[PDB]
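Participant: Handing you a structure now.
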Amino acid sequence: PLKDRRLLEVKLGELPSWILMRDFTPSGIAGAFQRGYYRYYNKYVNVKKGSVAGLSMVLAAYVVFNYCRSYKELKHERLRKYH
Amino acid sequence: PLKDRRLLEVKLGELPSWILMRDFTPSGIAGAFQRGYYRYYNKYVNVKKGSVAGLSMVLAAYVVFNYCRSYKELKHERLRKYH
Amino acid sequence: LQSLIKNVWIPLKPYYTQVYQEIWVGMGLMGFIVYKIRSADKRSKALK
Amino acid sequence: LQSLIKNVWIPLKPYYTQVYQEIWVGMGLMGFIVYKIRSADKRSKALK
Amino acid sequence: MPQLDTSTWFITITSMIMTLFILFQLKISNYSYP
Amino acid sequence: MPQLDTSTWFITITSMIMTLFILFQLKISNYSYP
Amino acid sequence: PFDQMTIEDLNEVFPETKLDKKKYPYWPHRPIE
Amino acid sequence: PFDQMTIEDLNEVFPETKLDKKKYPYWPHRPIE
Amino acid sequence: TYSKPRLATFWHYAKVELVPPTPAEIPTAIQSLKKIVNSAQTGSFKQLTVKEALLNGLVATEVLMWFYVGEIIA
Amino acid sequence: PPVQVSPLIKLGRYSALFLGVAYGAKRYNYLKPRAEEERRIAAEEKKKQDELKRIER
Amino acid sequence: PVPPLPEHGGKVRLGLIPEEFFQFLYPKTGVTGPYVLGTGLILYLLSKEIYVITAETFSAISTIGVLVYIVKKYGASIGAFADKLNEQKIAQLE
Amino acid sequence: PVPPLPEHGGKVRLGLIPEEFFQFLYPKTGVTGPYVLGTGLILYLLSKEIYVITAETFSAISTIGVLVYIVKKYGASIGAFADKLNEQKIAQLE
Amino acid sequence: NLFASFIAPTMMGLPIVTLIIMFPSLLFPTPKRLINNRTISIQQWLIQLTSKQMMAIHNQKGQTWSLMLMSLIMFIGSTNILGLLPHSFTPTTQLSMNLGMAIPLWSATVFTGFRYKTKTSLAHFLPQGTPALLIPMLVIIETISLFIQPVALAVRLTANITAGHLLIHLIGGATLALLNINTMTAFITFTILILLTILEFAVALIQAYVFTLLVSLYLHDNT
Amino acid sequence: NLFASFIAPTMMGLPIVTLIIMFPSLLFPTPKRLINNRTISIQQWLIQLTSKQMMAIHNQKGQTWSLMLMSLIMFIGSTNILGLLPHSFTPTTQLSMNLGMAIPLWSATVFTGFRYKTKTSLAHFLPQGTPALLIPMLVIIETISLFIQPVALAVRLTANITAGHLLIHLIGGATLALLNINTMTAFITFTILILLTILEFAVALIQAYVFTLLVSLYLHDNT
């Protein structure tokens with residue numbers, strides 16, 4: 001009953017239908033990053049008894065980010081050659 | 001009598017007025033490159049007795065482009081040091 | 001992308017389907033080979 | 001840019017004009033010095 | 001031989017493809033007959 | 001000393017500026033009093 | 001006239017100059033006799 | 001209530017909690033007594 | 001060769017445009033300069049159109065190149 | 001149809017000309033000795049390198 | 001004219017990963033699918049050396065030990081601290 | 001339903017640069033401003049070595065000499081050639 | 001010192017070289033009116049001509065590749081000319097481009113030849129009624145000198161092009177260096193350079209014809 | 001081998017490092033309701049506190065810089081903590097950032113001191129009623145140890161930070177290497193590492209206070 005649905009709702013056959021019904025302009029990129037931040041915020045943070053997990057996630061995410069950034073310079077000391 | 005005018009028409013005081021009345025989205029970038037190409041085309045090419053100058057310009061332009069691209073690797077052999 | 005598809009899929013359809021079936025295979029082979037060679041040189045320089 | 005200016009020029013105006021007149025000068029000096037030093041090292045390595 | 005610093009092969013190839021099998025097949029596909 | 005490969009100084013400085021004199025002066029400018 | 005016209009205008013004036021798309025779907029939409 | 005309100009809502013209910021912008025244009029819009 | 005015709009065609013404009021300035025119009029020039037300073041100080045020249053300022057700056061750079069020309073002589 | 005010069009520019013030109021002539025002569029004089037000496041001392045250096053590879057071939 | 005909040009949002013396992021994952025996975029393996037899933041993900045990363053081990057490893061271990069110590073010892077103290085500040089503003093105004 | 005064309009578009013000087021430049025510059029210096037302008041631009045580029053000279057210079061010189069030879073010797077021949085093809089299609093249809 | 005001109009360029013850390021390749025695309029505009037200006041009428045005639053000439057032999061099925069062949073030859077004839085300029089880049093001398101342009105075509109031809117005409121394509125490995133003394137010593141040679149097709153089909157073009165650029169660079173350098181000494185030698189080498197320049201203007205198209213002709217008849221065989 | 005972590009990163013040929021710097025900006029969100037959650041109430045209290053404490057001495061004119069000082073200290077206290085993590089980057093140890101953060105402030109203070117209070121600012125070069133035997137040997141020292149302000153004001157912080165990262169890297173490396181030999185030494189060095197880690201958690205804020213306090217009283221003098 002709807003053209004645009006949550007990408008999980010849509011099927012594989014109409015997969016490209018979803019890919020083409022949606023927009024791509026940078027404004028529609030900010031209007032996505034914002035939605036992500038605000039889902040996280042209003043679901044795990046903006047609550048009267050926020051906990052560690054309300055924060056630890058972004059930290060342990062930034063961690064993996066800056067680990068991926070560094071993969072190149074770390075292929076030079078693998079303790080074993082044939083992995 | 002008009003808000004938007006040819007950037008030559010507009011004055012220096014209202015300079016920012018022109019800078020802010022105009023758009024900047026990539027669609028409005030293609031819709032500029034196209035206007036440039038088509039001015040050149042319909043003014044120097046699409047005429048019944050097109051000449052060399054109808055073409056030589058883009059060639060001698062590409063030349064300077066690929067010269068600027070290369071400036072770095074050419075500061076190493078200047079025949080005279082103190083210029 | 002609608003302008004894009006309506007500029008490069010109306011005319012160029014009968015070619016990619018009927019004729020060029022046999023060149024895409026070749027391009028896959030090309031990808032195979034380039035992968036192999038880049039991997040080989042990456043290996044040999046990872047050594048040094 | 002209208003949202004940008006209406007987010008970062010309504011509040012932050014009385015600061016850049018009345019107070020911070022004296023730090024921008026310092027930042028210009030900072031630019032002076034960084035220019036000088038980058039030029040010096042560029043010169044010395046252009047030598048070698 | 002800088003044709004052997006393989007780093008760039010991917011892009012060169014892909015762009016060659018994009019050109020040889022898109023643009024000209026558009027332009028030349030429009031030329032006409034006497 | 002990689003703090004002396006001066007190539008990058010411009011961007012580091014400009015970004016420091018952008019941050020120290022824009023964002024925080026927005027956030028903290030909104031904190032409230034008892 | 002001529003110069004003010006296009007290929008489709010020739011489709012309009014001369015249907016016998018038509019490069020039919022059935023017997024010759026490809027380019028140049030006809031053989032090389 | 002309280003939790004459903006904002007600083008402007010306090011401007012609304014209590015004008016004496018107002019951090020006036022004339023005698024103290026800057027932040028924190030008042031001295032540190 | 002055709003050096004003579006066009007060289008004379010150029011002398012035609014040269015003896016009237018490559019001419020040094022006279023000690024008589026110096027007043028006119030200094031006064032025009034002061035009028036420029038007037039238009040500048042108050043911020044009234046800021047009502048100009050672009051093309052005019054473009055022209056002015058291009059001829060300014062024209063005058064400028066002669067400085068490097070003198071260096072060439074040096 | 002020639003267009004008479006606006007005198008402003010006729011003034012601005014030849015002044016700058018002779019300014020640049022002076023600048024050039026000054027640069028020539030001020031610069032000659034430093035380069036002469038740097039090159040001659042580099043010649044000392046290259047003779048030293050020559051004798052080096054002579055004894056350290 | 002503003003909305004209120006919950007009492008506590010999405011509950012979480014290990015303090016790091018949400019549970020909704022687990023439930024979404026209940027139908028097929030129920031309970032002991034996610035745990036072995038992660039164990040395998042990690043033994044894989046380690047085996048093929050997508051993650052080589054060095055000093056920074058132990059630095060991370062130490063920082064994390066410190067942090068968990070701190071929280072598991074001071075958490076609710078800080079929570080009541082903050083709720084106290086809130087109720088205190090409420091009162092001092094009220 | 002299409003528009004026609006001119007007989008020949010913007011005239012040009014040296015075959016490379018347009019004249020509109022010259023006229024735009026007429027008011028102030030009239031005639032002998034642009035030429036010395038360019039001469040100075042170029043003597044400047046050369047003097048400060050914004051353009052160092054090498055083999056590629058002479059390669060460019062040779063290619064350009066060839067090209068101008070070709071055009072100055074075959075231009076109108078090709079022009080009438082093409083107009084002939086046009087009139088010939090016109091007739092062969094007409 | 002001079003392989004520089006073959007180094008892949010990026011004015012900064014971004015993917016530019018994919019613009020050195022599509023630039024030619026617009027020195028060959030497309031018409032919409034019936035009649036048009038010169039620069040289009042000329043190329044139009046040129047193409048009618050060259051097609052009517054080369055695609056004569058092929059059978060009717062094989063006459064579906066006109067687009068591909070003439071586009072191939074047009075693209076390459078552009079690139080290899082443009083590359084002549086003072087400071088321009090030849091995206092062909094990047095051997096990878098040549099391999100990626102050669103292989104698929106050759107392979108797809110062979111595949112049309114072995115999908116249809118199986119027994120006969122297999123048969124082309126044994127010339128008709130040769131002495132029955134040497135069969136293996138012949139069906140080894142034909143089958144090794146088959147796979148040798150694309151390799152040469154590319155490398156020839158690649159190195160052919162490269163050599164000209166290198167030779168002109170070097171001759172011009174020695175020109176300046178002799179100018180240091182004397183005058184007349186410089187003019188000698190400059191005339192030499194003019195000759196070389198023309199010869200390159202020539203090979204740069206000779207090779208296009210070679211390429212898309214080799215391919216044309218490789219399709220003639222295995223169609 | 002290990003100055004690596006100070007090398008400026010760009011995952012590819014693009015300007016990334018300007019994102020390592022604005023990330024903290026959102027570990028300190030801004031409130032819009034009157035009451036809010038915990039993470040905001042806490043920092044709010046913290047800031048009220050620290051201001052009421054440090055901006056006591058300053059006069060009324062000098063009380064216009066509260067924003068700048070507390071933002072400075074907040075930004076730095078964030079950066080220098082975050083940098084602790086396993087594989088994180090400290091955008092301060094890029095000495096250039098420290099110079100660009102130090103100089104303008106010091107210079108603008110001096111300029112407020114010499115635009116107003118000219119005679120008196122000049123006077124601060126001569127302590128009150130010193131022996132008239134040595135005046136020059138004192139108004140040389142004061143005026144040389146003035147210009148020395150920003151240099152140290154930055155370098156102190158810079159190198160202070162750097163040393164901790166370097167020391168932890170090295171201790172952990174020797175930890176692994178001794179683990180090759182034996183077990184107990186590793187635990188020894190691990191506990192050592194815990195201590196060092198805490199001490200760094202500490203200095204990383206001590207230095208912020210130092211910095212924005214030095215500056216505060218430099219404004220106290222030349223206001």
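Within each chain, counting starts at residue 1; across the structure tokens, chains are named A, B, ... in the order shown, with ligands numbered 1 upward in that order.
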After a least-squares superposition on chain H over all sequentially paired C-alpha atoms, what is chain G as a PDB file with N, CA, C and O atoms, in the first residue's frame?
Facilitator:
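Heads up, here's the output in part19.pdb:
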ATOM      1  N   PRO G   1       3.789  21.058  34.341  1.00  0.00           N
ATOM      2  CA  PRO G   1       4.756  20.684  35.373  1.00  0.00           C
ATOM      3  C   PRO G   1       6.076  21.410  35.186  1.00  0.00           C
ATOM      4  O   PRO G   1       6.096  22.499  34.624  1.00  0.00           O
ATOM      5  N   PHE G   2       7.166  20.803  35.651  1.00  0.00           N
ATOM      6  CA  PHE G   2       8.505  21.311  35.398  1.00  0.00           C
ATOM      7  C   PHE G   2       9.142  20.631  34.192  1.00  0.00           C
ATOM      8  O   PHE G   2       9.536  21.299  33.232  1.00  0.00           O
ATOM      9  N   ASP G   3       9.228  19.300  34.220  1.00  0.00           N
ATOM     10  CA  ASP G   3       9.962  18.584  33.187  1.00  0.00           C
ATOM     11  C   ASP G   3       9.426  18.856  31.790  1.00  0.00           C
ATOM     12  O   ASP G   3      10.191  18.788  30.822  1.00  0.00           O
ATOM     13  N   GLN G   4       8.138  19.165  31.656  1.00  0.00           N
ATOM     14  CA  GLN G   4       7.560  19.428  30.345  1.00  0.00           C
ATOM     15  C   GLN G   4       7.860  20.831  29.836  1.00  0.00           C
ATOM     16  O   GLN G   4       7.395  21.188  28.750  1.00  0.00           O
ATOM     17  N   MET G   5       8.613  21.627  30.583  1.00  0.00           N
ATOM     18  CA  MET G   5       8.819  23.031  30.268  1.00  0.00           C
ATOM     19  C   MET G   5      10.263  23.285  29.833  1.00  0.00           C
ATOM     20  O   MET G   5      11.119  22.401  29.881  1.00  0.00           O
ATOM     21  N   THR G   6      10.520  24.520  29.399  1.00  0.00           N
ATOM     22  CA  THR G   6      11.836  24.951  28.944  1.00  0.00           C
ATOM     23  C   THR G   6      12.207  26.266  29.613  1.00  0.00           C
ATOM     24  O   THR G   6      11.461  26.818  30.426  1.00  0.00           O
ATOM     25  N   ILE G   7      13.378  26.778  29.235  1.00  0.00           N
ATOM     26  CA  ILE G   7      13.851  28.043  29.784  1.00  0.00           C
ATOM     27  C   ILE G   7      12.918  29.173  29.378  1.00  0.00           C
ATOM     28  O   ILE G   7      12.615  30.073  30.173  1.00  0.00           O
ATOM     29  N   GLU G   8      12.446  29.149  28.131  1.00  0.00           N
ATOM     30  CA  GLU G   8      11.486  30.156  27.702  1.00  0.00           C
ATOM     31  C   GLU G   8      10.179  30.026  28.465  1.00  0.00           C
ATOM     32  O   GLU G   8       9.511  31.029  28.741  1.00  0.00           O
ATOM     33  N   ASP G   9       9.816  28.806  28.853  1.00  0.00           N
ATOM     34  CA  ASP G   9       8.633  28.636  29.687  1.00  0.00           C
ATOM     35  C   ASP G   9       8.836  29.280  31.049  1.00  0.00           C
ATOM     36  O   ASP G   9       7.870  29.694  31.697  1.00  0.00           O
ATOM     37  N   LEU G  10      10.088  29.389  31.497  1.00  0.00           N
ATOM     38  CA  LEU G  10      10.356  30.078  32.751  1.00  0.00           C
ATOM     39  C   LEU G  10      10.340  31.581  32.560  1.00  0.00           C
ATOM     40  O   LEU G  10       9.856  32.321  33.422  1.00  0.00           O
ATOM     41  N   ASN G  11      10.872  32.055  31.433  1.00  0.00           N
ATOM     42  CA  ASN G  11      10.598  33.426  31.024  1.00  0.00           C
ATOM     43  C   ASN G  11       9.108  33.710  31.128  1.00  0.00           C
ATOM     44  O   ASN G  11       8.696  34.796  31.545  1.00  0.00           O
ATOM     45  N   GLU G  12       8.294  32.720  30.764  1.00  0.00           N
ATOM     46  CA  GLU G  12       6.846  32.890  30.792  1.00  0.00           C
ATOM     47  C   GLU G  12       6.307  32.928  32.220  1.00  0.00           C
ATOM     48  O   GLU G  12       5.527  33.825  32.566  1.00  0.00           O
ATOM     49  N   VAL G  13       6.705  31.976  33.064  1.00  0.00           N
ATOM     50  CA  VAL G  13       6.119  31.894  34.403  1.00  0.00           C
ATOM     51  C   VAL G  13       6.806  32.859  35.366  1.00  0.00           C
ATOM     52  O   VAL G  13       6.142  33.520  36.171  1.00  0.00           O
ATOM     53  N   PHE G  14       8.133  32.958  35.309  1.00  0.00           N
ATOM     54  CA  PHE G  14       8.894  33.828  36.210  1.00  0.00           C
ATOM     55  C   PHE G  14       9.713  34.832  35.413  1.00  0.00           C
ATOM     56  O   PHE G  14      10.817  34.498  34.945  1.00  0.00           O
ATOM     57  N   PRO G  15       9.234  36.064  35.235  1.00  0.00           N
ATOM     58  CA  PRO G  15      10.069  37.075  34.582  1.00  0.00           C
ATOM     59  C   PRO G  15      11.246  37.515  35.428  1.00  0.00           C
ATOM     60  O   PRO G  15      12.164  38.153  34.897  1.00  0.00           O
ATOM     61  N   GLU G  16      11.246  37.207  36.726  1.00  0.00           N
ATOM     62  CA  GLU G  16      12.353  37.605  37.587  1.00  0.00           C
ATOM     63  C   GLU G  16      13.537  36.659  37.474  1.00  0.00           C
ATOM     64  O   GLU G  16      14.646  37.028  37.874  1.00  0.00           O
ATOM     65  N   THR G  17      13.329  35.457  36.944  1.00  0.00           N
ATOM     66  CA  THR G  17      14.433  34.577  36.585  1.00  0.00           C
ATOM     67  C   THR G  17      15.050  34.955  35.250  1.00  0.00           C
ATOM     68  O   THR G  17      15.964  34.266  34.785  1.00  0.00           O
ATOM     69  N   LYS G  18      14.573  36.024  34.630  1.00  0.00           N
ATOM     70  CA  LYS G  18      15.044  36.412  33.311  1.00  0.00           C
ATOM     71  C   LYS G  18      16.497  36.855  33.369  1.00  0.00           C
ATOM     72  O   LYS G  18      16.862  37.712  34.176  1.00  0.00           O
ATOM     73  N   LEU G  19      17.321  36.268  32.507  1.00  0.00           N
ATOM     74  CA  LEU G  19      18.695  36.725  32.350  1.00  0.00           C
ATOM     75  C   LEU G  19      18.733  37.865  31.347  1.00  0.00           C
ATOM     76  O   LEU G  19      18.903  37.637  30.146  1.00  0.00           O
ATOM     77  N   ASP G  20      18.578  39.094  31.829  1.00  0.00           N
ATOM     78  CA  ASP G  20      18.452  40.237  30.940  1.00  0.00           C
ATOM     79  C   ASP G  20      19.730  40.441  30.134  1.00  0.00           C
ATOM     80  O   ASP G  20      20.840  40.197  30.610  1.00  0.00           O
ATOM     81  N   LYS G  21      19.558  40.902  28.897  1.00  0.00           N
ATOM     82  CA  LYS G  21      20.637  40.970  27.924  1.00  0.00           C
ATOM     83  C   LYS G  21      21.266  42.349  27.813  1.00  0.00           C
ATOM     84  O   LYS G  21      22.198  42.522  27.023  1.00  0.00           O
ATOM     85  N   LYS G  22      20.788  43.331  28.574  1.00  0.00           N
ATOM     86  CA  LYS G  22      21.320  44.686  28.466  1.00  0.00           C
ATOM     87  C   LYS G  22      22.450  44.917  29.456  1.00  0.00           C
ATOM     88  O   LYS G  22      23.577  45.234  29.066  1.00  0.00           O
ATOM     89  N   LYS G  23      22.154  44.778  30.744  1.00  0.00           N
ATOM     90  CA  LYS G  23      23.176  44.985  31.754  1.00  0.00           C
ATOM     91  C   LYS G  23      24.249  43.914  31.720  1.00  0.00           C
ATOM     92  O   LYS G  23      25.266  44.059  32.408  1.00  0.00           O
ATOM     93  N   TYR G  24      24.059  42.854  30.937  1.00  0.00           N
ATOM     94  CA  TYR G  24      25.006  41.744  30.899  1.00  0.00           C
ATOM     95  C   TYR G  24      24.881  41.064  29.550  1.00  0.00           C
ATOM     96  O   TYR G  24      24.393  39.931  29.447  1.00  0.00           O
ATOM     97  N   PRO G  25      25.319  41.732  28.485  1.00  0.00           N
ATOM     98  CA  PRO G  25      25.140  41.169  27.140  1.00  0.00           C
ATOM     99  C   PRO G  25      25.879  39.871  26.916  1.00  0.00           C
ATOM    100  O   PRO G  25      25.553  39.151  25.964  1.00  0.00           O
ATOM    101  N   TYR G  26      26.864  39.552  27.737  1.00  0.00           N
ATOM    102  CA  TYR G  26      27.778  38.460  27.470  1.00  0.00           C
ATOM    103  C   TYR G  26      27.343  37.216  28.230  1.00  0.00           C
ATOM    104  O   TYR G  26      26.251  37.158  28.802  1.00  0.00           O
ATOM    105  N   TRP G  27      28.190  36.196  28.213  1.00  0.00           N
ATOM    106  CA  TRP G  27      27.932  34.972  28.948  1.00  0.00           C
ATOM    107  C   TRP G  27      28.739  34.955  30.235  1.00  0.00           C
ATOM    108  O   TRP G  27      29.912  35.344  30.237  1.00  0.00           O
ATOM    109  N   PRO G  28      28.161  34.501  31.351  1.00  0.00           N
ATOM    110  CA  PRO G  28      26.827  33.932  31.527  1.00  0.00           C
ATOM    111  C   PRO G  28      25.728  34.950  31.772  1.00  0.00           C
ATOM    112  O   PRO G  28      24.846  34.719  32.594  1.00  0.00           O
ATOM    113  N   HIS G  29      25.777  36.071  31.064  1.00  0.00           N
ATOM    114  CA  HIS G  29      24.729  37.082  31.118  1.00  0.00           C
ATOM    115  C   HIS G  29      24.472  37.590  32.534  1.00  0.00           C
ATOM    116  O   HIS G  29      23.436  38.205  32.794  1.00  0.00           O
ATOM    117  N   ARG G  30      25.397  37.347  33.463  1.00  0.00           N
ATOM    118  CA  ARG G  30      25.323  37.956  34.783  1.00  0.00           C
ATOM    119  C   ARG G  30      26.603  37.670  35.558  1.00  0.00           C
ATOM    120  O   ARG G  30      27.343  36.740  35.211  1.00  0.00           O
ATOM    121  N   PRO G  31      26.897  38.431  36.604  1.00  0.00           N
ATOM    122  CA  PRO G  31      28.163  38.238  37.317  1.00  0.00           C
ATOM    123  C   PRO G  31      28.150  36.995  38.189  1.00  0.00           C
ATOM    124  O   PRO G  31      27.198  36.211  38.155  1.00  0.00           O
ATOM    125  N   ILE G  32      29.212  36.807  38.967  1.00  0.00           N
ATOM    126  CA  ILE G  32      29.516  35.519  39.574  1.00  0.00           C
ATOM    127  C   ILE G  32      29.432  35.578  41.095  1.00  0.00           C
ATOM    128  O   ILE G  32      30.189  34.900  41.796  1.00  0.00           O
ATOM    129  N   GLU G  33      28.528  36.400  41.609  1.00  0.00           N
ATOM    130  CA  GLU G  33      28.341  36.525  43.046  1.00  0.00           C
ATOM    131  C   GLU G  33      27.813  35.222  43.633  1.00  0.00           C
ATOM    132  O   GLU G  33      28.478  34.190  43.555  1.00  0.00           O
TER     133      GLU G  33
END
Participant: Skipping near chain neighbours, those fewer than 4 positions away, what residues fall within 9 Å of residue 47 of chain I using only C-alpha atoms, listed as JSON, numbers by chain?
Facilitator: {"B": [11, 12, 13, 14], "I": [43]}
Participant: Using every C-alpha atom paired in order, could you least-squares fit chain D onto chain C and give me the moved chain as a compact mmCIF listing (two decimals) with C-alpha atoms, in the first residue's frame?
Facilitator:
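The new file result.txt reads:
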# COMPACT_ATOMS: atom_id res chain seq x y z
CA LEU D 1 19.33 8.87 -12.63
CA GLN D 2 16.20 8.75 -14.77
CA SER D 3 17.65 11.04 -17.43
CA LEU D 4 20.78 8.87 -17.32
CA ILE D 5 18.92 5.62 -17.98
CA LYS D 6 16.74 7.27 -20.62
CA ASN D 7 19.88 8.44 -22.40
CA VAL D 8 21.98 5.27 -22.13
CA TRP D 9 19.52 2.35 -21.96
CA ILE D 10 16.90 3.07 -24.65
CA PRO D 11 19.36 2.84 -27.56
CA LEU D 12 22.10 0.65 -26.13
CA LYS D 13 19.87 -2.21 -24.98
CA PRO D 14 19.80 -4.50 -28.07
CA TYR D 15 23.61 -4.46 -28.04
CA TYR D 16 24.45 -5.51 -24.49
CA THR D 17 21.88 -8.34 -24.59
CA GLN D 18 21.95 -9.82 -28.10
CA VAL D 19 25.49 -9.14 -29.32
CA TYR D 20 27.84 -8.31 -26.47
CA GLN D 21 27.01 -11.39 -24.39
CA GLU D 22 30.45 -12.69 -25.31
CA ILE D 23 32.61 -9.68 -24.43
CA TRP D 24 31.47 -9.38 -20.81
CA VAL D 25 32.83 -12.87 -20.19
CA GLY D 26 36.12 -11.64 -21.58
CA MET D 27 36.07 -8.65 -19.28
CA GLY D 28 35.56 -10.98 -16.35
CA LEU D 29 38.64 -12.87 -17.48
CA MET D 30 40.46 -9.54 -17.69
CA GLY D 31 39.46 -8.85 -14.09
CA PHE D 32 40.70 -12.28 -13.08
CA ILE D 33 44.11 -11.62 -14.60
CA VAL D 34 44.55 -8.09 -13.28
CA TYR D 35 43.64 -9.35 -9.81
CA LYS D 36 46.22 -12.12 -10.09
CA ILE D 37 49.00 -9.78 -11.17
CA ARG D 38 48.33 -7.00 -8.68
CA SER D 39 48.25 -9.66 -5.97
CA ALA D 40 51.56 -11.08 -7.14
CA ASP D 41 53.36 -7.74 -7.11
CA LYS D 42 51.76 -6.77 -3.80
CA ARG D 43 53.13 -10.04 -2.42
CA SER D 44 56.62 -9.56 -3.82
CA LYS D 45 56.94 -6.01 -2.49
CA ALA D 46 55.43 -6.92 0.87
CA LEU D 47 58.50 -9.15 1.07
CA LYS D 48 61.08 -6.40 0.51
Participant: Would you return as a ChimeraX atom specification the members of segment 31-68 of chain K that DSSP assigns to alpha helix (DSSP H) on this structure's backbone?
Facilitator: /K:34-47,55-68
Participant: Can you move chain F onto chain E by a least-squares fit over all C-alpha atoms paired in order, then give me the moved copy as a compact mmCIF listing (two decimals) with C-alpha atoms, in the first residue's frame?
Facilitator:
# COMPACT_ATOMS: atom_id res chain seq x y z
CA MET F 1 58.90 1.20 -16.45
CA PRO F 2 56.05 3.20 -14.91
CA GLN F 3 53.57 1.08 -16.84
CA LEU F 4 54.31 -1.57 -14.20
CA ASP F 5 53.55 0.35 -11.00
CA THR F 6 50.27 -1.53 -11.00
CA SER F 7 48.57 0.77 -8.49
CA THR F 8 46.56 2.62 -11.12
CA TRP F 9 45.48 -0.16 -13.47
CA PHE F 10 41.96 -0.44 -12.07
CA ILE F 11 40.93 3.14 -12.84
CA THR F 12 42.58 3.33 -16.25
CA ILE F 13 40.78 0.15 -17.28
CA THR F 14 37.39 1.14 -15.91
CA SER F 15 37.49 4.55 -17.57
CA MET F 16 38.60 3.09 -20.90
CA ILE F 17 35.58 0.81 -20.66
CA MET F 18 33.18 3.58 -19.70
CA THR F 19 34.31 5.56 -22.73
CA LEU F 20 34.73 2.94 -25.43
CA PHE F 21 31.39 1.28 -24.71
CA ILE F 22 29.18 4.26 -23.74
CA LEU F 23 29.95 7.68 -25.19
CA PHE F 24 30.96 6.81 -28.73
CA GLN F 25 28.20 4.23 -28.97
CA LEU F 26 26.01 7.28 -28.28
CA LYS F 27 27.55 9.84 -30.64
CA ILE F 28 28.36 7.64 -33.62
CA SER F 29 25.05 5.83 -33.13
CA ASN F 30 23.44 9.05 -34.34
CA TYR F 31 25.35 9.58 -37.59
CA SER F 32 23.24 9.35 -40.72
CA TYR F 33 23.23 7.88 -44.20
CA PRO F 34 23.40 9.61 -47.60
Participant: Which residues of chain I are close to chain J, meaning at most 6 Å apart when you count only C-alpha atoms, and how do they look as a short mmCIF file (atom, residue, chain, number, x, y, z; two decimals) with N, CA, C and O atoms, in the first residue's frame?
Facilitator:
data_model
loop_
_atom_site.label_atom_id
_atom_site.label_comp_id
_atom_site.auth_asym_id
_atom_site.auth_seq_id
_atom_site.Cartn_x
_atom_site.Cartn_y
_atom_site.Cartn_z
N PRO I 21 54.94 61.82 -21.09
CA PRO I 21 54.00 62.86 -20.66
C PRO I 21 54.66 64.23 -20.66
O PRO I 21 55.87 64.37 -20.52
N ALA I 29 46.72 65.32 -14.21
CA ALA I 29 46.88 63.95 -13.73
C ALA I 29 46.88 63.91 -12.21
O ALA I 29 46.21 63.06 -11.61
N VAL I 63 50.41 48.89 -16.89
CA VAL I 63 51.44 49.80 -16.38
C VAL I 63 52.47 49.02 -15.58
O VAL I 63 53.67 49.31 -15.62
N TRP I 66 55.75 47.09 -17.00
CA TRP I 66 56.92 47.86 -17.40
C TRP I 66 57.97 47.85 -16.30
O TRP I 66 59.16 48.06 -16.57
N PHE I 67 57.57 47.60 -15.05
CA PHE I 67 58.54 47.48 -13.97
C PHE I 67 59.47 46.30 -14.21
O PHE I 67 60.70 46.44 -14.20
N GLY I 70 61.83 47.10 -16.96
CA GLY I 70 63.03 47.77 -16.52
C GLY I 70 64.02 46.80 -15.92
O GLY I 70 65.22 46.87 -16.17
N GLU I 71 63.52 45.86 -15.12
CA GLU I 71 64.41 44.81 -14.62
C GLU I 71 65.11 44.11 -15.78
O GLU I 71 66.31 43.81 -15.71
N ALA I 74 67.83 45.71 -16.77
CA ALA I 74 68.84 45.43 -15.76
C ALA I 74 69.36 44.01 -15.86
O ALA I 74 69.34 43.41 -16.93
#
Participant: Taking 2 positions as the minimum chain separation for residues in the same chain, which residues sit within 8 Å of segment 19-21 of chain A when counting only C-alpha atoms? Answer as a list in words.
Facilitator: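 Once the nearby chain positions are removed, what remains is residues 3, 4, 15, 16, 17 and 23 of chain A.
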Participant: What residues in chain A lie within 6 Å of chain N, counting only C-alpha atoms, written as a CSV table (one decimal) with N, CA, C and O atoms, in the first residue's frame?
Facilitator:
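The resulting selection.csv:
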chain,number,residue,atom,x,y,z
A,46,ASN,N,18.7,10.1,25.6
A,46,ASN,CA,17.7,11.0,26.2
A,46,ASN,C,16.7,10.3,27.0
A,46,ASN,O,15.5,10.3,26.7
A,48,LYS,N,15.9,9.1,31.4
A,48,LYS,CA,16.2,9.6,32.7
A,48,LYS,C,17.1,8.8,33.5
A,48,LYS,O,17.5,9.1,34.6
A,69,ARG,N,41.6,2.6,9.8
A,69,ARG,CA,42.5,3.7,9.3
A,69,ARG,C,44.0,3.2,9.2
A,69,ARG,O,44.7,3.6,8.4
